[PDB]
Ligand SMILES: Nc1ncnc2c1ncn2[C@@H]1O[C@H](COP(=O)(O)OP(=O)(O)OP(=O)(O)O)[C@@H](O)[C@H]1O
Ligand SMILES: Nc1ncnc2c1ncn2[C@@H]1O[C@H](COP(=O)(O)OP(=O)(O)OP(=O)(O)O)[C@@H](O)[C@H]1O
Ligand SMILES: Nc1ncnc2c1ncn2[C@@H]1O[C@H](COP(=O)(O)OP(=O)(O)O)[C@@H](O)[C@H]1O
């Protein structure tokens, strides 16, 4: 059945060094031992396995490599969603056509037939727990029955192997995972350092063989820089780097006098890697640098001590979350008066944290959604956050997320309960998390018994003295010395209570008049606005 | 043999360690069948899905000659919120019907509860179903606090002596999990300023019963 034309090195899989050893020991330890002993023991072969993990980490590759290694026939790749049909009896026919060749060859060549391999993709899109209550049957009760009957029925097949692949392993039936049916489970996770080195070596072997690499390309660096890259986004990086190198070469010669031999020598690639890494690849489980422009519009500018106090508190919380081991889950709430700029400080803490995973959950992308969809979105974000050795998630404008309105009061309970349950669920073993929240109405949250779930509170104050306002104006740099002195004389009284956002709006508005009438309008607007709580 | 079904409720204040004690009582019983029905595996479910999940767990429990089922965080299952009040009637009725349904002949069961709000559960006429209740208290003395500090093994001798003087002359109403949180949050300062921060946090947290 097996021939010596297979070696592990030639396969080309890097990072799965246990997910293969254990599989080989368990599933395929009876397909290689001499037939005499196996027959004497009288043991049946395993009839399939299940692979789960994030998307794009090398599961299909492993299935095809197993198929080639076992000297099987051509696998019948299938797609889960493309089996269903709207007529009465068409889905079951599609599920039944796959098991035809094995049945035909089992009754003709006796017990000396080949090995047929069947591959399912997204196996959980068809098989879901079957209802129990009378009249509570689902719409896909018939597909599951057909699949169960075919895999292990009254007529025995001993020349088949079934591989299933899925991402959500908690929705599959429970009679489809017992010893005899799919009975071996393995997990394919994100690669680690020594798993991101092997992939790069495998992918640059070709360039090294054909003598295209430069003399300064260091692979330890490239292994270190990419932190949460999945296996499918390193080949993209390599190819993008080579493509930009070629583009540079071509456009150079046309507007350069390099020379043909000079161009060939220039074909080497050293910094294209760095440039492409910077501005070509966007990971799916990594920090995003494109959002901090949307939430930090005018940057953080100091106008007092409270800014420093808040930032230091955030730093201490980050340190605690990183180092301690008795408490792997931490939380904190930022609350203050409206227009005080809380989201900006939350984003600043998150971005200065230096964590591999950073994400922001906000209602800006949830216009028109029904509560159930909002629950699904929140759960998806947290599920993606549970797949890293460090992380941090920010929840914005909790009151807007609950659909609150003072009349009534009226709000939604499903979202509140989901949120109150997701603040106390610890991650898998050995991983850490950090959750930040922002709100303006703390008392309403206090009534909802949602304020003691968080582990700490931080106050974001408001401008409260004239000198602070003058210093903020100086930092902004709009009004000249004489105008500043006039304002200082006018507003020397320390009775100012204004938000840093309303102040920017006021300054922008007041600059729409002639130079003569500038200070008067600004002072009139400031006086008209509230002067105390 | 007269009573093939029993129930019990563990209740106390928040942050006191009810789930841990329920799990430890369940683990040391050597029952062939043990299971836990928690609400963190039911995020986003509607009423009927929760009913079906509970019913399935009990149906499975009814097929062993001995059993033990744990139902924790009862108030999160009912979706309770003081404003209103609001909650789910269907789940409440399902639970109240399942609490007093004997298994087939010859088989035995045991149900353990958990909750931090006993009065609310009493308003709905639910403490009538449970056979009896147990009380889990907090730390309510300086001596017990010192014993807990010694057993956790964090602060050294001299710092222990410093803590002793400022604590024995008052009372304390801190839970046990919150104590771990405070100890962890204090150790992030420089060697000199650890005891001061711990005392400040403890004084802030402490409140009358
Ligand atoms: N020291 C500062 N702190 C916060 N924001 C600042 C500071 N200096 C400048 N800003 C700018 O102020 C704006 C902060 O607005 P932001 O959206 O954070 O307000 P908010 O308090 O969250 O709003 P809302 O009233 O809608 O809740 C951003 O443009 C930020 O760049
Ligand atoms: N003697 C003890 N009793 C209970 N828990 C203890 C004890 N010693 C240490 N612990 C630990 O304290 C923590 C108690 O947290 P736990 O989840 O049990 O609290 P809880 O009562 O369920 O809280 P909540 O009020 O939030 O529902 C667990 O880590 C438990 O291991
Ligand atoms: N362990 C690995 N070693 C080498 N390449 C990998 C590995 N995992 C994933 N890849 C890359 O991923 C690509 C295909 O992945 P794919 O089969 O789509 O993953 P999945 O089946 O999980 O969607 C290939 O081009 C391959 O280079």
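Chains as they are written, first to last, in the entry's author numbering: chain A, 208 to 740; chain B, 532 to 740. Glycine included, each C-beta is placed from N, C-alpha and C at the ideal position.
Count the other CB atoms, across all protein chains shown, that sit within 10 Å of the CB of residue 387(A); report buried if there are 16 or more and exposed otherwise. When all chains shown are included, residue 387(A) counts as exposed.
So, is the C-beta of residue 719(B) closer than 8 Å to a C-beta in chain A? True, the Cβ-Cβ gap to chain A drops below 8 Å.
Give the secondary structure of residue 632(B) by DSSP, where H, G and I count as helix, E and B as strand, and everything else as coil. Per DSSP, reduced to three states, the secondary structure at residue 632(B) is coil, with no helix or strand assignment.
Quick one: list the residues of chain A neighbouring residue 574(B), beta-carbon separation under 8 Å, in chain order. Result: 582, 586, 625, 628, 629.
Contact belief for residue 611(A) with residue 550(A) at Cβ below 8 Å, rounded distance in angstroms: Between the beta-carbon of residue 611(A) and that of residue 550(A) there is about 18 Å, and that puts the pair past the 8 Å contact cut.
Within 7 Å of chain A by C-beta, residues of the region 692–721 of chain B in sequence order: Here the close residues are 711, 712, 715, 716, 719.
Could you check if residue 250(A) is buried or exposed, using at least 16 other CB atoms within 10 Å of its CB as the buried criterion? Residue 250(A) is exposed by the Cβ-count criterion.
Please classify residue 242(A): does DSSP put it in a helix, a strand, or coil? Residue 242(A): helix per DSSP, three-state reduction.
By how many angstroms is the C-alpha of residue 315(A) removed from the C-alpha of residue 493(A)? C-alpha of residue 493(A) to C-alpha of residue 315(A): approximately 55 Å in a straight line.
Nearest-angstrom Cβ-Cβ length linking residue 309(A) and residue 364(A), presumed shorter than 8 Å: In this structure, residue 309(A) and residue 364(A) form a Cβ contact; the two beta carbons are roughly 6 Å apart against a cut-off of 8 Å.
Which of the three DSSP states is assigned to residue 394(A) in this structure? If DSSP states are grouped into helix, strand and coil, residue 394(A) belongs with the strands.
Residue 667(A) and residue 538(A) - do their beta-carbons sit closer together than 8 Å? No, the Cβ-Cβ distance between residue 538(A) and residue 667(A) is not below 8 Å.
In chain order, what residues of the same chain have a beta carbon less than 7 Å from the beta carbon of residue 636(B), not counting five sequence neighbours either side? Around residue 636(B): no qualifying Cβ.
Along chain A, in chain order, which residues have C-beta atoms closer than 7 Å to that of residue 614(B)? Going along chain A in sequence order, the residues near residue 614(B) (Cβ under 7 Å) are 616, 654, 655.
Of the residues 689(A), 320(A), 411(A), 508(A), the one placed nearest residue 442(A), counting alpha carbons only: Ranked by how close their Cα comes to the Cα of residue 442(A), the residues 689(A), 320(A), 411(A), 508(A) have 411(A) in first place.
Do residue 692(B) and ligand 2 come close, with the Cβ less than 7 Å from some heavy atom? Not under cutoff, so the answer is no.
How far does the beta strand (DSSP E) with residue 538(A) in it extend, from its first residue to its last? Here the beta strand (DSSP E) through residue 538(A) covers 536–542.
Would you say residue 620(A) reaches chain B, if we count a Cβ-Cβ gap shorter than 8 Å as a contact? Yes, its Cβ sits closer than 8 Å to a Cβ of chain B.
For residue 598(B), is the classification buried or exposed, using 16 other Cβ atoms within 10 angstroms of its Cβ as the cut-off for buried? Counting every other CB atom within 10 Å of its CB across the protein chains shown gives residue 598(B) a total of 16 or more, marking it as buried.
So is residue 398(A) buried or exposed if we call it buried at 16+ other beta carbons inside 10 Å? Residue 398(A) counts as buried, since at least 16 other C-beta atoms from the protein chains shown sit within 10 angstroms of its C-beta.
Quick one: residues with CB closer than 6 Å to any heavy atom of ligand 2, in chain order, please. This criterion selects 545(B), 546(B), 547(B), 548(B), 549(B), 550(B), 551(B), 552(B), 647(B), 707(B), 708(B).
Is residue 213(A) a contact residue of ligand 1, with contact defined as CB to any heavy atom under 7 Å? Between ligand 1 and residue 213(A), a heavy atom-to-CB distance of less than 7 Å is absent.
Does the beta carbon of residue 266(A) fall short of 7 Å from some heavy atom of ligand 3? Under cutoff, so the answer is yes.
When the Cα atoms are used, what is the spatial distance from residue 732(A) to residue 622(A)? Per the coordinates, the alpha-carbon of residue 732(A) lies some 40 Å from the alpha-carbon of residue 622(A).
Would you report the Cα separation of residue 671(B) and residue 435(A), rounded to the nearest angstrom? When rounded, the distance between both Cα atoms is 48 Å.
Roughly how many whole angstroms lie between the Cα atoms of residue 640(B) and residue 582(B)? Between residue 640(B) and residue 582(B), the C-alpha separation is close to 20 Å.
Between the region 517–539 of chain A and chain B, which residues of the former have CB atoms less than 7 Å from a CB of the latter, in chain order? Cβ contacts with chain B: 523, 526, 527, 531, 533, 534.
Here's the rule I'm using: 16 or more other beta-carbon atoms within 10 Å means buried, otherwise exposed. How should residue 705(B) be labelled? With 16 or more other Cβ atoms inside 10 Å of its own Cβ, residue 705(B) counts as buried.
Under 8 Å from the C-beta of residue 566(A): neighbouring residues of chain B: Per Cβ cutoff of 8 Å: no residues; residue 566(A) is ~18 Å from chain B at best.
Can a CB atom of chain B be found closer than 8 Å to the CB of residue 662(A)? So, interface residue.
Taking only the alpha-carbon atoms, compute the straight-line gap between residue 468(A) and residue 569(A) and give it to the nearest angstrom. Residue 468(A) and residue 569(A) have their C-alpha atoms spaced approximately 55 Å apart.
At least three beta-carbon pairs within less than 8 Å, the region 554–570 of chain A to the region 583–598 of chain A: Result yes; three or more Cβ-Cβ pairs closer than 8 Å.
Straight-line gap, residue 660(A) to residue 215(A) (C-alpha atoms, nearest Å): Going by the C-alpha atoms only, they are around 51 Å apart.
Beta-carbon gap between residue 685(B) and residue 707(B) smaller than 8 Å: In this structure, residue 685(B) lies away from residue 707(B), with their beta-carbon atoms at least 8 Å apart.
Per DSSP, what kind of secondary structure is residue 373(A) in: helix, strand or coil? Of the three classes helix, strand and coil, the one that applies to residue 373(A) here is strand, per DSSP.
Flag residue 262(A) as yes when its Cβ comes closer than 7 Å to any non-hydrogen atom of ligand 3, and as no otherwise. Yes - ligand 3 has a heavy atom lying nearer than 7 Å to the Cβ of residue 262(A).
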